[PDB]
Each structure stands twice: as C-alpha cells, then as structure tokens.
Amino acid sequence: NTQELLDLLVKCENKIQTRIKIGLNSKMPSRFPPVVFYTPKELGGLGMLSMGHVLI
Amino acid sequence: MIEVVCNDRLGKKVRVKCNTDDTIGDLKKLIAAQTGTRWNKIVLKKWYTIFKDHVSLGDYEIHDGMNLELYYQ
Amino acid sequence: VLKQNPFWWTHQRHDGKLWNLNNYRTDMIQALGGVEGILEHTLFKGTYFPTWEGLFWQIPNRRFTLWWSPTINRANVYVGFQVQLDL
Amino acid sequence: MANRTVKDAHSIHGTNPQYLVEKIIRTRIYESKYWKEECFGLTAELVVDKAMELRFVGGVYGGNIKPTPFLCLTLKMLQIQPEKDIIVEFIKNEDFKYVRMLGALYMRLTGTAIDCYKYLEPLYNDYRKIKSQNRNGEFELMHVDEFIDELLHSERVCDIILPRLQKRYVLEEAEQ
Amino acid sequence: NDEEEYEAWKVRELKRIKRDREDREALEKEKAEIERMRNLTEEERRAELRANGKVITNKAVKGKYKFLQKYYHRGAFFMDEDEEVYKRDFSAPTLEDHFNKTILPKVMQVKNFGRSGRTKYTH
Amino acid sequence: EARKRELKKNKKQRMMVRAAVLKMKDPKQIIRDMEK
RNA sequence: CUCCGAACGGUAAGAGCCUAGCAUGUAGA
C-alpha cells in the first residue's frame, strides 16, 4: 500500500546491485545479467530473494 | 535489430544500428556514414582479430552491445 | 544483546516460523529458464560431469567469480576493450 | 634510413616531400617485405631495373593493408625525388609499360597542373591491357584509359589521395 | 585482338569525350532548367502542373518509438550515394527497448548513476 | 573499494621484489660474474 | 512521442639482440 516503500525497496535493490556487480570490476557495466544473483546457494549463486521488478 | 558500438579511445564512440543477418560491408558503410569517413578506409578490430568484409555479422556471433575497436586504414 | 535481532515479529519456538519460502525458489528456478537454463551460464559445460549431481564442497569469492566467469567476462556487458592474457 | 630524400629536397607544396601519401599508408609501406629488399639505396638507375620487373598496377590488398610493389615503388621514387628530365624519360618510354605508368603517377603526385596536362594528355591514346590488384586480392585486367581517366578526373584512383587538380575549364579559359 | 582494341579505344574515347561536353552544357542546362522552371512557375498553371517527382536520395521510412526508444541518429555524412544500406527504417528496439516500459513501477530512464537529464515530453 | 587499492599495492610490492630477485641473480649480474 | 555522453578507476612485471622521426647554431685561439 505504501508507494514510497516499494519505490525505496527498488532503489535499495538497485543500490546493493552496486558492489555486487561493481565489486568484481570498477566499471558498473551496462547489463551484467541478473541471473548471476537469483540462483540459490544450492546451485552456487547468492539467494538474493528480490521484491523489485528485475526484468530478465 | 542489433546496436553495435564502434568505439575508440580517441574521441570516436559511435553507435550504429544494423541488421541481424547483414554483412560487415554494410556495417562499415553505416559506421563511415555516421562518424566522419569513407567506406574503404575503416577497419573494425577486436585485439588484432581483423574483421573481414565478406563474412556475415551473425555468422561471427556479434550481438546487441558488442563494442569494436575502430582503426583507420 | 549487542545485535538487533528481527525477532519482534514472533518467536521461532513458541510462535514458530513466520514465513514460507520454498515455493519462491520453486518458481524462481522455473523463471530463470529451468535447471539447465539457469545453470547453462556456468562452467559445468565441461568439468567431466554429464548431469546434475551433488558435489558441493578468498574461497567463495574466487568460486563465484569463476563459476560465473563466462556469464560476466563477456563482450556484451563491459566495454569492448578486449584484452588477451599472456597465455 | 628512409627519412630524407638525400640531403635536401624541393618540398612539394601540397603536404610535404614524403607525406603526399596518407600517414597510415606510408607507415605501412615502410614495414613490408618488398621494402626490406631494395631499401639499401635506389637513386636513379636501379629504380629502372626494379620498375621493369613488376607487372602489377595497384595499391593495397588484403585485410591487413598490404602494399603492392607498384605502390611501394611509387613511394620509393617519391623519396628519391628524381629530376624532371628522368621523369619525362620514363613518360616517353613506350616499350616498358608499368614504367610509364609509374612515371605518369609520379608526375601527377608531384608536378604542376599545367605540366600534368602537358605530359599526361598524350598518354591518353594507348589501348593496351594493364593488370591491377583489387582490394580483395583478386586481379583484374583493365584498359590504360581507365587508369589515366581515374587519375586525371577521379579522386583516389589508388589508395593514395590525389592533390586536388583543378577543373580543366578554368585552365582552358586562362591558359592552354 | 588488335582490331577489337582499336574499336573499343574509340568506344571509351567517345564516352570520355561525351562526358566533357555533357559537363559543360550541364551548367547551362541547370540554369536553363531553372529558366524553364521559372516560366513554369510563372505562367504554366496555377496548381495545374507539376512535371516533377519529389525525388529524395535516401527515404527515411521511420516508424514509432515504443515509449522511450532512443533517438537514433543515422549520421549525415554520406547520403548522395543513395546506398541501399540506409533504407532500413531505424524504428526498432536496439538493446533494452524490447520491454514495455509501462509495467515498471513509476519510471526508469537510466539506472547507471548518471541521470543528469530530466525530460520525457509530457508537457 | 579500498581493498582493491590495498591488493594493488601488495601486488606492486611483490612485483618489485620479484624484479629485484631476478636482477640480483640476473644472468648479466650473477651468471655474468660467475663466468668471470 | 524523438533527451543521443565521454575520460580515469584497464590492459603484470621481466633479463639477451636490434632498428629511429627529433635537437645546438655559440664562446675562443
């Protein structure tokens, strides 16, 4: 129900995207495919359970 | 339809929108029409991997966003 | 305690588990392209392994930047300043 | 050493003595197989020997810019900077073909437009065949008229860029 | 084939000689065509005569950018050639315009930590 | 952030140490003297 | 509904051999 809450969740996800894509290389590339994140640790990813719309 | 980036570290960062099953000749034609140059002088490398003007674009496996080092002949 | 524990929602013993998440992973693996698709970026295409079997052993940092090294060290992500190694 | 001509050269007014060709193309001309031989020195006479033994008329071939011996020999004579009498001697030779071709090409690159028409015009009569190397490596046999026509009317008939000869109408209105 | 060579040497000499005179008269023909168009514009017909084609070298057959598809510039450096590589209707999604960009929460111009610009043509 | 700079400094120190080790026992310094 | 961006954060460091476009214009006997 809180639009500001959802917008800030998206902003926080896009911020933590930084240094999870920027920690590898200091470039902040264009795409950096999202699947590197949302694979669980059972397969060997992160387990980044996301709430914001991260379109693949 | 693919967007390629004919780039260089010398003040020439061009973005050409070219076809999927197109050749490299027409891609050079676009890159020359866009930036400043004629068609027969341009050379698109990627670390000494000289792209020739008879193989196709999708055949060399280029896709949306691939940046290519421009060099004049 | 000197650590803010998000336990105000409920108690894991008396109140039990507040949430349920396995159905999220079950949908995520499907949306990422199934097992073979969501995996197919990794270097197991090789590795003397024909199928998916349990083999789970700067350890995790290297393991992660290697296991996704082709899904990360591609040309369509970074700029096209391709760089060759010594060998 | 391929810096100066010998010790002093009358600089063509266009760009420079050696720089009538593009910097990239000349820089490619130097590092080459055909340059490695015959770069020991070629002032007036051995140039004639190296010219009559190369039956190609072309510029660059291959993806990597590869200069033909025609083009490299044009550049070598350009660095040598021969006198006008020797060039008229090469332009007057009817037995050896590609020698006359090189003489015409050099007189075009370095020479007065009046002199260009005066010495290249009577080369517009020979109806003989001339071999040339295309950019893809494949050769083609063309007419000498095609060459001198692209040379006098068209721009960059070869890899070299031409130094902007006037339209003939202005000279016909002002001179011969 | 000497008999054929001298026959074609005139075939080329005629065309090359024809290009010279055709170039001289073109300056008068261009001025004369303006004079013909002058009287044509003067007293030919009040909206009753065209004698034209509206010819353009390269027709830019554009489309409709979806919602925020980038303004791609063809580059105006070589258009007299009328090369067929230009006629391709650059109105397509290049890299990220494949999405709808309407189901998104509020808006997403560029998530690259550089959004200096602020505009969408709403007004 | 700063960890990258720290690792770069450590790698530069290691490269300098390796260069000094290869130069001290160099063919032009050590083996050249060993042949003299 | 047409607003389109570029550089740095980037290419390990290495011992043996080799080639070169550039620069002074003088004091004094």
# chains A, B, ... in the order shown; residues from 1 in each chain; ligands from 1
call {"tool": "residues_around", "arguments": {"residues": "residue 65 (chain C)", "least_positions_apart": "3", "cutoff": "12 Å", "atoms": "only C-alpha atoms (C1' of nucleotides)", "output": "count of residues only"}}
result
23
call {"tool": "interface_residues", "arguments": {"of": "chain A", "to": "chain B", "cutoff": "12 Å", "atoms": "only C-alpha atoms", "output": "list in words"}}
result
residues 29, 30, 31 and 32 of chain A
call {"tool": "interface_residues", "arguments": {"of": "chain A", "to": "chain E", "cutoff": "10 Å", "atoms": "only C-alpha atoms", "output": "number ranges by chain"}}
result
A: 3, 6-7, 10-11, 14-15, 18, 28-31, 52-56
call {"tool": "interface_residues", "arguments": {"of": "chain B", "to": "chain E", "cutoff": "9 Å", "atoms": "only C-alpha atoms", "output": "number ranges by chain"}}
result
B: 1-4, 15-19, 26-27, 29-38, 64-65
call {"tool": "write_last_selection", "arguments": {"atoms": "N, CA, C and O atoms", "output": "compact mmCIF listing (two decimals), in the first residue's frame"}}
result
# COMPACT_ATOMS: atom_id res chain seq x y z
N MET B 1 16.68 -5.90 -34.09
CA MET B 1 17.78 -5.29 -34.88
C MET B 1 18.87 -4.79 -33.93
O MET B 1 18.58 -4.20 -32.89
N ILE B 2 20.13 -5.03 -34.30
CA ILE B 2 21.26 -5.01 -33.38
C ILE B 2 21.83 -3.61 -33.29
O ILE B 2 21.82 -2.87 -34.28
N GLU B 3 22.31 -3.23 -32.10
CA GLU B 3 23.00 -1.96 -31.88
C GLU B 3 24.46 -2.26 -31.52
O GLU B 3 24.73 -2.83 -30.46
N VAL B 4 25.37 -1.87 -32.40
CA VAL B 4 26.79 -2.12 -32.23
C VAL B 4 27.46 -0.79 -31.90
O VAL B 4 26.96 0.28 -32.22
N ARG B 15 27.62 4.68 -32.26
CA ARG B 15 26.67 3.60 -32.06
C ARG B 15 25.84 3.46 -33.32
O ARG B 15 25.04 4.34 -33.65
N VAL B 16 26.03 2.34 -34.03
CA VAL B 16 25.37 2.08 -35.30
C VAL B 16 24.33 0.99 -35.10
O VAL B 16 24.62 -0.04 -34.48
N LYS B 17 23.13 1.21 -35.62
CA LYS B 17 22.06 0.24 -35.55
C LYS B 17 21.99 -0.49 -36.88
O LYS B 17 21.61 0.10 -37.90
N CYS B 18 22.36 -1.77 -36.87
CA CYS B 18 22.49 -2.58 -38.08
C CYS B 18 21.64 -3.83 -37.98
O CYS B 18 21.18 -4.22 -36.90
N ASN B 19 21.45 -4.48 -39.13
CA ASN B 19 20.58 -5.63 -39.25
C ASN B 19 21.22 -6.88 -38.65
O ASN B 19 22.42 -6.92 -38.37
N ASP B 26 28.15 -3.59 -45.15
CA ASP B 26 27.14 -2.57 -44.88
C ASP B 26 27.31 -1.99 -43.48
O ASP B 26 26.97 -0.82 -43.24
N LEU B 27 27.85 -2.77 -42.55
CA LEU B 27 28.13 -2.24 -41.22
C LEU B 27 29.23 -1.19 -41.29
O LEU B 27 29.14 -0.14 -40.64
N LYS B 29 29.73 0.53 -43.90
CA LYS B 29 29.07 1.64 -44.58
C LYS B 29 28.35 2.53 -43.59
O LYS B 29 28.44 3.76 -43.66
N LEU B 30 27.64 1.92 -42.64
CA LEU B 30 26.96 2.69 -41.60
C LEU B 30 27.95 3.43 -40.72
O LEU B 30 27.77 4.61 -40.42
N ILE B 31 29.02 2.74 -40.29
CA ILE B 31 29.99 3.36 -39.40
C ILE B 31 30.70 4.51 -40.09
O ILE B 31 31.10 5.48 -39.44
N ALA B 32 30.88 4.43 -41.41
CA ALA B 32 31.52 5.51 -42.15
C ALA B 32 30.56 6.65 -42.43
O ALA B 32 30.96 7.82 -42.42
N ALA B 33 29.29 6.33 -42.69
CA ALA B 33 28.30 7.37 -42.91
C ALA B 33 28.03 8.15 -41.64
O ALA B 33 27.70 9.34 -41.69
N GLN B 34 28.17 7.50 -40.49
CA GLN B 34 27.84 8.15 -39.23
C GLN B 34 28.96 9.05 -38.74
O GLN B 34 28.70 10.22 -38.42
N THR B 35 30.20 8.56 -38.66
CA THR B 35 31.19 9.31 -37.91
C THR B 35 31.84 10.43 -38.72
O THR B 35 31.50 11.60 -38.51
N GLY B 36 32.76 10.11 -39.63
CA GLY B 36 33.32 11.14 -40.48
C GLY B 36 33.94 10.70 -41.79
O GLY B 36 34.49 11.55 -42.50
N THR B 37 33.84 9.42 -42.15
CA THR B 37 34.84 8.84 -43.05
C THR B 37 34.18 8.16 -44.24
O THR B 37 32.95 8.06 -44.30
N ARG B 38 34.98 7.73 -45.21
CA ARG B 38 34.53 6.92 -46.33
C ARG B 38 34.49 5.45 -45.92
O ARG B 38 34.80 5.09 -44.78
N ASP B 64 23.80 -7.56 -29.52
CA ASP B 64 23.49 -6.23 -29.01
C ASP B 64 24.44 -5.78 -27.91
O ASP B 64 24.50 -6.39 -26.84
N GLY B 65 25.18 -4.71 -28.18
CA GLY B 65 26.08 -4.11 -27.21
C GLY B 65 27.55 -4.41 -27.43
O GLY B 65 28.39 -3.82 -26.74
call {"tool": "residues_around", "arguments": {"residues": "region 22-36 of chain F", "least_positions_apart": "3", "cutoff": "8 Å", "atoms": "only C-alpha atoms (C1' of nucleotides)", "output": "ChimeraX atom specification"}}
result
/F:18-19 /G:15
call {"tool": "atom_distance", "arguments": {"atom1": "CA of residue 13 (chain A)", "atom2": "CA of residue 114 (chain E)"}}
result
17.2 Å
call {"tool": "select_by_dssp", "arguments": {"residues": "region 40-111 of chain E", "states": "helix (DSSP H, G or I)", "output": "number ranges by chain"}}
result
E: 40-43
call {"tool": "write_last_selection", "arguments": {"atoms": "C-alpha atoms", "output": "mmCIF file, in the first residue's frame"}}
result
data_model
loop_
_atom_site.group_PDB
_atom_site.id
_atom_site.type_symbol
_atom_site.label_atom_id
_atom_site.label_comp_id
_atom_site.auth_asym_id
_atom_site.auth_seq_id
_atom_site.Cartn_x
_atom_site.Cartn_y
_atom_site.Cartn_z
ATOM 1 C CA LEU E 40 6.834 27.027 -65.432
ATOM 2 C CA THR E 41 6.477 28.708 -62.042
ATOM 3 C CA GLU E 42 5.336 31.922 -63.752
ATOM 4 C CA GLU E 43 2.562 31.100 -66.248
#
call {"tool": "closest_atom_pairs", "arguments": {"of": "chain B", "to": "chain G", "cutoff": "12 Å", "atoms": "only C-alpha atoms (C1' of nucleotides)", "output": "CSV"}}
result
residue,atom,partner,partner_atom,distance
B:7,CA,G:6,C1',11.3
B:8,CA,G:6,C1',11.2
B:9,CA,G:7,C1',8.6
B:10,CA,G:7,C1',9.9
B:11,CA,G:6,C1',8.1
B:12,CA,G:6,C1',9.7
B:13,CA,G:6,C1',8.4
B:14,CA,G:4,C1',10.5
B:15,CA,G:4,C1',9.7
B:16,CA,G:4,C1',12.0
B:47,CA,G:11,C1',11.1
call {"tool": "atom_distance", "arguments": {"atom1": "CA of residue 100 (chain E)", "atom2": "CA of residue 47 (chain A)"}}
result
27.2 Å
call {"tool": "closest_atom_pairs", "arguments": {"of": "chain D", "to": "chain E", "cutoff": "9 Å", "atoms": "only C-alpha atoms", "output": "tab-separated table"}}
result
residue	atom	partner	partner_atom	distance
D:124	CA	E:13	CA	8.9
D:125	CA	E:9	CA	7.8
D:126	CA	E:9	CA	8.0
D:127	CA	E:9	CA	5.5
D:128	CA	E:5	CA	7.3
D:143	CA	E:9	CA	8.9
D:145	CA	E:12	CA	7.6
D:146	CA	E:12	CA	8.6
D:149	CA	E:16	CA	8.2
D:169	CA	E:24	CA	8.4
call {"tool": "residues_around", "arguments": {"residues": "residue 29 (chain C)", "least_positions_apart": "4", "cutoff": "12 Å", "atoms": "only C-alpha atoms (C1' of nucleotides)", "output": "CSV table (one decimal) with N, CA, C and O atoms, in the first residue's frame"}}
result
chain,number,residue,atom,x,y,z
A,35,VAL,N,20.9,-13.1,-13.6
A,35,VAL,CA,20.8,-14.5,-13.2
A,35,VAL,C,22.0,-14.8,-12.3
A,35,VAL,O,22.0,-15.8,-11.5
A,38,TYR,N,20.1,-14.4,-8.7
A,38,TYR,CA,19.0,-15.0,-8.1
A,38,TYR,C,19.1,-16.5,-8.2
A,38,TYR,O,18.0,-17.2,-8.0
A,39,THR,N,20.2,-17.1,-8.5
A,39,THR,CA,20.5,-18.5,-8.4
A,39,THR,C,20.7,-18.8,-6.9
A,39,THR,O,21.5,-18.1,-6.2
A,40,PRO,N,20.1,-19.8,-6.3
A,40,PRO,CA,20.3,-20.1,-4.9
A,40,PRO,C,21.7,-20.7,-4.6
A,40,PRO,O,22.4,-21.1,-5.5
A,42,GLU,N,22.1,-23.5,-3.4
A,42,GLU,CA,22.0,-24.9,-3.7
A,42,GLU,C,22.7,-25.2,-5.0
A,42,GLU,O,23.2,-26.3,-5.2
A,43,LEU,N,22.6,-24.2,-5.9
A,43,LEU,CA,23.4,-24.4,-7.2
A,43,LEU,C,24.7,-23.6,-7.2
A,43,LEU,O,25.6,-23.9,-7.9
A,45,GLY,N,24.8,-19.8,-6.3
A,45,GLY,CA,24.7,-18.4,-6.5
A,45,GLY,C,24.7,-17.6,-5.2
A,45,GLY,O,25.6,-17.8,-4.4
A,47,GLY,N,21.2,-16.2,-3.7
A,47,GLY,CA,19.9,-16.4,-3.0
A,47,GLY,C,19.3,-15.0,-2.7
A,47,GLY,O,18.6,-14.8,-1.7
A,49,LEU,N,16.7,-13.1,-2.8
A,49,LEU,CA,15.3,-13.0,-2.9
A,49,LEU,C,14.8,-11.6,-3.1
A,49,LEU,O,14.9,-10.8,-2.2
C,22,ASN,N,9.9,-22.0,0.2
C,22,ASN,CA,10.3,-23.0,-0.8
C,22,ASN,C,9.6,-22.8,-2.1
C,22,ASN,O,10.1,-23.1,-3.2
C,23,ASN,N,8.3,-22.4,-2.1
C,23,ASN,CA,7.6,-22.1,-3.3
C,23,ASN,C,8.1,-20.9,-4.1
C,23,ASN,O,7.8,-20.8,-5.2
C,24,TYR,N,8.9,-20.1,-3.4
C,24,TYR,CA,9.5,-18.9,-4.1
C,24,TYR,C,10.7,-19.5,-5.0
C,24,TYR,O,10.8,-19.1,-6.2
C,25,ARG,N,11.5,-20.3,-4.4
C,25,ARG,CA,12.6,-20.9,-5.2
C,25,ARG,C,12.1,-21.8,-6.3
C,25,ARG,O,12.6,-21.9,-7.4
C,33,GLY,N,14.7,-20.1,-16.4
C,33,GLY,CA,14.9,-21.0,-17.5
C,33,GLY,C,15.1,-22.4,-17.2
C,33,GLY,O,15.7,-23.2,-17.9
C,34,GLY,N,14.5,-22.8,-16.0
C,34,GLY,CA,14.7,-24.2,-15.6
C,34,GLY,C,16.1,-24.4,-15.1
C,34,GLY,O,16.9,-23.5,-15.0
C,35,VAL,N,16.3,-25.7,-14.7
C,35,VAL,CA,17.6,-26.0,-14.1
C,35,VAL,C,18.7,-25.9,-15.2
C,35,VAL,O,19.7,-25.1,-15.0
C,36,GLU,N,18.6,-26.5,-16.4
C,36,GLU,CA,19.6,-26.4,-17.4
C,36,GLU,C,19.8,-25.0,-17.9
C,36,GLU,O,20.9,-24.6,-18.2
C,37,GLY,N,18.7,-24.2,-18.0
C,37,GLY,CA,18.8,-22.9,-18.5
C,37,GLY,C,19.5,-21.9,-17.5
C,37,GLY,O,20.4,-21.2,-17.8
C,38,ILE,N,19.0,-21.9,-16.3
C,38,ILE,CA,19.5,-21.0,-15.2
C,38,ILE,C,21.0,-21.4,-14.9
C,38,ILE,O,21.8,-20.6,-14.6
C,39,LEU,N,21.3,-22.7,-15.1
C,39,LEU,CA,22.7,-23.2,-14.9
C,39,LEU,C,23.6,-22.9,-16.1
C,39,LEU,O,24.7,-22.4,-15.9
call {"tool": "atom_distance", "arguments": {"atom1": "CA of residue 122 (chain E)", "atom2": "CA of residue 62 (chain E)"}}
result
21.7 Å
call {"tool": "residues_around", "arguments": {"residues": "residue 71 (chain D)", "least_positions_apart": "2", "cutoff": "12 Å", "atoms": "only C-alpha atoms (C1' of nucleotides)", "output": "PyMOL selection string"}}
result
chain D and resi 21+25-26+28-30+32+34-35+51+54-61+65-69+73-78+98+101-102+105-106+132-133+158-160
call {"tool": "residues_around", "arguments": {"residues": "residue 43 (chain B)", "least_positions_apart": "4", "cutoff": "7 Å", "atoms": "only C-alpha atoms (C1' of nucleotides)", "output": "ChimeraX atom specification"}}
result
/B:70-73
call {"tool": "write_last_selection", "arguments": {"atoms": "C-alpha atoms", "output": "compact mmCIF listing (two decimals), in the first residue's frame"}}
result
# COMPACT_ATOMS: atom_id res chain seq x y z
CA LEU B 70 37.76 1.22 -34.76
CA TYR B 71 41.02 1.82 -36.65
CA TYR B 72 41.63 3.72 -39.88
CA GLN B 73 43.48 2.10 -42.77
call {"tool": "closest_atom_pairs", "arguments": {"of": "chain B", "to": "chain D", "cutoff": "10 Å", "atoms": "only C-alpha atoms", "output": "Markdown table"}}
result
| residue | atom | partner | partner_atom | distance |
| --- | --- | --- | --- | --- |
| B:40 | CA | D:135 | CA | 9.0 |
| B:41 | CA | D:159 | CA | 9.1 |
| B:43 | CA | D:63 | CA | 8.3 |
| B:50 | CA | D:63 | CA | 7.2 |
| B:51 | CA | D:63 | CA | 8.0 |
| B:52 | CA | D:63 | CA | 6.2 |
| B:53 | CA | D:63 | CA | 8.2 |
| B:54 | CA | D:136 | CA | 9.4 |
| B:72 | CA | D:24 | CA | 7.8 |
| B:73 | CA | D:24 | CA | 6.4 |
call {"tool": "closest_residue", "arguments": {"among": "C:82, C:8, C:31, C:46", "to": "chain A", "atoms": "only C-alpha atoms"}}
result
C:31
call {"tool": "decode", "arguments": {"residues": "chain C", "atoms": "C-alpha atoms", "output": "PDB file, in the first residue's frame"}}
result
ATOM      1  CA  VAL C   1      22.310  -8.113  23.420  1.00  0.00           C
ATOM      2  CA  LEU C   2      24.534  -6.023  21.154  1.00  0.00           C
ATOM      3  CA  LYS C   3      22.856  -7.281  17.949  1.00  0.00           C
ATOM      4  CA  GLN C   4      19.449  -6.126  16.689  1.00  0.00           C
ATOM      5  CA  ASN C   5      17.718  -9.441  16.007  1.00  0.00           C
ATOM      6  CA  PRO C   6      14.466  -9.152  13.981  1.00  0.00           C
ATOM      7  CA  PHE C   7      12.517 -11.366  16.392  1.00  0.00           C
ATOM      8  CA  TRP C   8       9.777  -8.850  17.263  1.00  0.00           C
ATOM      9  CA  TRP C   9       7.549 -10.465  14.618  1.00  0.00           C
ATOM     10  CA  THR C  10       7.280 -13.727  16.569  1.00  0.00           C
ATOM     11  CA  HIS C  11       9.193 -16.437  18.435  1.00  0.00           C
ATOM     12  CA  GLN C  12      10.710 -19.292  16.442  1.00  0.00           C
ATOM     13  CA  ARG C  13       9.890 -21.772  19.240  1.00  0.00           C
ATOM     14  CA  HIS C  14       6.569 -20.660  20.743  1.00  0.00           C
ATOM     15  CA  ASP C  15       5.112 -18.874  17.707  1.00  0.00           C
ATOM     16  CA  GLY C  16       7.063 -20.936  15.169  1.00  0.00           C
ATOM     17  CA  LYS C  17       8.155 -19.965  11.677  1.00  0.00           C
ATOM     18  CA  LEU C  18       6.550 -16.745  10.466  1.00  0.00           C
ATOM     19  CA  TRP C  19       7.113 -17.363   6.735  1.00  0.00           C
ATOM     20  CA  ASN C  20       7.366 -19.999   3.978  1.00  0.00           C
ATOM     21  CA  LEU C  21       9.773 -19.685   1.049  1.00  0.00           C
ATOM     22  CA  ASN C  22      10.347 -22.973  -0.835  1.00  0.00           C
ATOM     23  CA  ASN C  23       7.564 -22.097  -3.292  1.00  0.00           C
ATOM     24  CA  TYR C  24       9.536 -18.940  -4.148  1.00  0.00           C
ATOM     25  CA  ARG C  25      12.619 -20.920  -5.168  1.00  0.00           C
ATOM     26  CA  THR C  26      10.416 -23.424  -6.996  1.00  0.00           C
ATOM     27  CA  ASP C  27       9.093 -20.553  -9.134  1.00  0.00           C
ATOM     28  CA  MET C  28      12.445 -18.767  -9.447  1.00  0.00           C
ATOM     29  CA  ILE C  29      14.230 -21.772 -10.947  1.00  0.00           C
ATOM     30  CA  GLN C  30      11.392 -22.033 -13.464  1.00  0.00           C
ATOM     31  CA  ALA C  31      11.513 -18.333 -14.343  1.00  0.00           C
ATOM     32  CA  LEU C  32      15.312 -18.325 -14.748  1.00  0.00           C
ATOM     33  CA  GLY C  33      14.948 -20.953 -17.515  1.00  0.00           C
ATOM     34  CA  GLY C  34      14.668 -24.199 -15.569  1.00  0.00           C
ATOM     35  CA  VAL C  35      17.641 -26.038 -14.132  1.00  0.00           C
ATOM     36  CA  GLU C  36      19.569 -26.433 -17.395  1.00  0.00           C
ATOM     37  CA  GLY C  37      18.828 -22.870 -18.495  1.00  0.00           C
ATOM     38  CA  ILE C  38      19.532 -21.041 -15.240  1.00  0.00           C
ATOM     39  CA  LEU C  39      22.663 -23.175 -14.890  1.00  0.00           C
ATOM     40  CA  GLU C  40      23.839 -23.090 -18.523  1.00  0.00           C
ATOM     41  CA  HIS C  41      25.942 -19.946 -17.966  1.00  0.00           C
ATOM     42  CA  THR C  42      28.271 -21.810 -15.606  1.00  0.00           C
ATOM     43  CA  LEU C  43      31.461 -23.701 -16.452  1.00  0.00           C
ATOM     44  CA  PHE C  44      29.995 -27.161 -15.747  1.00  0.00           C
ATOM     45  CA  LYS C  45      29.643 -27.335 -19.535  1.00  0.00           C
ATOM     46  CA  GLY C  46      32.865 -29.244 -19.279  1.00  0.00           C
ATOM     47  CA  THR C  47      34.161 -30.317 -15.859  1.00  0.00           C
ATOM     48  CA  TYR C  48      33.834 -34.059 -16.708  1.00  0.00           C
ATOM     49  CA  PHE C  49      30.247 -34.023 -15.397  1.00  0.00           C
ATOM     50  CA  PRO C  50      27.413 -35.280 -17.653  1.00  0.00           C
ATOM     51  CA  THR C  51      24.439 -34.314 -15.466  1.00  0.00           C
ATOM     52  CA  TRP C  52      23.472 -32.544 -12.234  1.00  0.00           C
ATOM     53  CA  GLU C  53      24.690 -34.381  -9.128  1.00  0.00           C
ATOM     54  CA  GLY C  54      25.660 -33.251  -5.652  1.00  0.00           C
ATOM     55  CA  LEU C  55      29.299 -32.151  -5.494  1.00  0.00           C
ATOM     56  CA  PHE C  56      29.220 -29.108  -3.194  1.00  0.00           C
ATOM     57  CA  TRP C  57      32.498 -28.730  -1.306  1.00  0.00           C
ATOM     58  CA  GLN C  58      39.093 -15.967  -0.795  1.00  0.00           C
ATOM     59  CA  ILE C  59      37.362 -19.322  -1.300  1.00  0.00           C
ATOM     60  CA  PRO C  60      33.736 -18.341  -2.091  1.00  0.00           C
ATOM     61  CA  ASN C  61      34.728 -15.087  -3.797  1.00  0.00           C
ATOM     62  CA  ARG C  62      37.018 -16.928  -6.223  1.00  0.00           C
ATOM     63  CA  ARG C  63      34.494 -19.764  -6.609  1.00  0.00           C
ATOM     64  CA  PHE C  64      31.821 -17.215  -7.527  1.00  0.00           C
ATOM     65  CA  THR C  65      33.877 -15.035  -9.868  1.00  0.00           C
ATOM     66  CA  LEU C  66      34.992 -18.244 -11.604  1.00  0.00           C
ATOM     67  CA  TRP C  67      31.682 -20.128 -11.748  1.00  0.00           C
ATOM     68  CA  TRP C  68      30.102 -17.106 -13.488  1.00  0.00           C
ATOM     69  CA  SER C  69      33.288 -16.012 -15.291  1.00  0.00           C
ATOM     70  CA  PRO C  70      31.774 -16.579 -18.783  1.00  0.00           C
ATOM     71  CA  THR C  71      28.447 -15.018 -17.787  1.00  0.00           C
ATOM     72  CA  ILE C  72      30.438 -11.990 -16.539  1.00  0.00           C
ATOM     73  CA  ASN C  73      33.535 -11.829 -18.773  1.00  0.00           C
ATOM     74  CA  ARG C  74      31.550 -11.432 -21.983  1.00  0.00           C
ATOM     75  CA  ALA C  75      31.677  -8.603 -24.504  1.00  0.00           C
ATOM     76  CA  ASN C  76      28.016  -7.531 -24.302  1.00  0.00           C
ATOM     77  CA  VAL C  77      28.412  -6.287 -20.693  1.00  0.00           C
ATOM     78  CA  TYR C  78      31.686  -4.365 -20.370  1.00  0.00           C
ATOM     79  CA  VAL C  79      33.168  -2.042 -22.986  1.00  0.00           C
ATOM     80  CA  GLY C  80      34.846  -3.694 -25.957  1.00  0.00           C
ATOM     81  CA  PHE C  81      38.438  -3.100 -24.861  1.00  0.00           C
ATOM     82  CA  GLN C  82      39.211  -6.780 -25.353  1.00  0.00           C
ATOM     83  CA  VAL C  83      42.378  -7.834 -23.525  1.00  0.00           C
ATOM     84  CA  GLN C  84      44.320 -11.045 -24.117  1.00  0.00           C
ATOM     85  CA  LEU C  85      46.161 -12.841 -21.348  1.00  0.00           C
ATOM     86  CA  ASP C  86      49.826 -13.807 -21.543  1.00  0.00           C
ATOM     87  CA  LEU C  87      48.972 -17.427 -22.382  1.00  0.00           C
TER      88      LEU C  87
END
